[PDB]
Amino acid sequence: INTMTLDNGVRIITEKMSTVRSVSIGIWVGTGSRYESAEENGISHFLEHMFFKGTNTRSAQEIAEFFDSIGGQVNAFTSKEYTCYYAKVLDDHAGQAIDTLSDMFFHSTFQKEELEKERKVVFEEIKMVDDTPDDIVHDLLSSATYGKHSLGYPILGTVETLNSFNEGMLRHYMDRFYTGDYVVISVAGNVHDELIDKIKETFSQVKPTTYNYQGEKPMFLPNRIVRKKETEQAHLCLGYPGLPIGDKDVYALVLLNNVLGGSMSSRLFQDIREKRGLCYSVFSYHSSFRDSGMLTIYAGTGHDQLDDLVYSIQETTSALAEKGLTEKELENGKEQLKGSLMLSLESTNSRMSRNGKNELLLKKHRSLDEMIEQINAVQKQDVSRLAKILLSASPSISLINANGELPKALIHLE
């Protein structure tokens, strides 16, 4: 996996694979909803949509027609600390793909006509995510956990902010963040130097980063958000403090989440679903940021069973935080992580994505063997000691149901 830093700060990270005939391209920008400010919330995500509305030589439709003629495997996503524009094409079209992706990045034409239009689509996107209780519930959890911090902002923004949005705000923001220190180009697959130099030549145009971004650290609080909505199930989320991206004990958290509810053999899947038959869907995942991080559990059960679910989950998170892991579980976790990782080496997007994300959020490149060592290097008590620190805390809580009132999740009686 080669890496390259141009003079403006832009980084080109590449990985060649002869076994394939395709190639994944990704333009990773180091900004997201976290870097926004009250008034400009959603700007990152709007900009990501607006990047497909048209350039000086390619209109919205022409952009669409191009990517469709090459398979149609192009997508964009905005997270809390990075944004992404990527595509997958056959070797003989990478050049063109880069030209189109490039022109969209640099020469976009934020026409008011097209922008007034796109603002409406994003408004639908918001309502749609709203009509998906099992999805919006995860967003509320971030709001209850961080309150007014930018990490508690919904990535799509609000109807208010969006209405304030215009070409001015877009460019003002794009100018500060879409610069040298924040841009990373990731290419994986059947890449030829030609293409790489094309990328080099093109992304030199990226202006050096001059803006010094000042970021405040977040405070985790066990607050609660509830929403009254007409549903069959009670959608529930519990948040526990996690670790920040850089943290050395990340592999420890990965394994700890795997045991919690990150797999079939996970405590939650077995205790809550397989044995109690309470939830069809119950799982856990972790979110790691620059300064903060957090472990999340999701569960959904029929209303009439909500109180029982909270207790059952409580029991599961206790015997884990208290007693810890077992030797069989620790290794099962490792076999899984190593196994999935090995299996992902067949997907170009998978490598492209991994590479660009680590280079962007770790400023580091981790080889296979290197990542594998880490997994194996994890001792059984590293996880246990971690589960004791993280899973003991008072969790933040998110909930959506019919009566719209919190259940009986304040006392420890059963």
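So that there is no doubt, residue numbering starts at 1 and follows the sequence shown.
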Residue range whose averaged C-alpha B-factor is higher in the record, 319-327 or 266-274 = 319-327
Looking at the deposited entry, does 210-218 or 130-138 carry the larger mean Cα B-factor?
-> 210-218
Whose CA atom has the top B-factor in the entry, of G333, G180, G157, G95?
-> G333
Among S37, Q381, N355, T348, single out the one with the highest C-alpha B factor in the record, please.
-> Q381
So, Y311's CA B-factor, relative to its chain, sits in which third? The highest
The third of the chain into which the C-alpha temperature factor of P395 falls is the lowest
Temperature factor at the Cα of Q73, chain-ranked in thirds, falls in the highest
Could you look up the Cα B-factor of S367 in the entry and say which third of the chain it sits in: lowest, middle or highest?
-> highest
Relative C-alpha B-factor of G246, binned into the chain's lowest, middle or highest third = highest
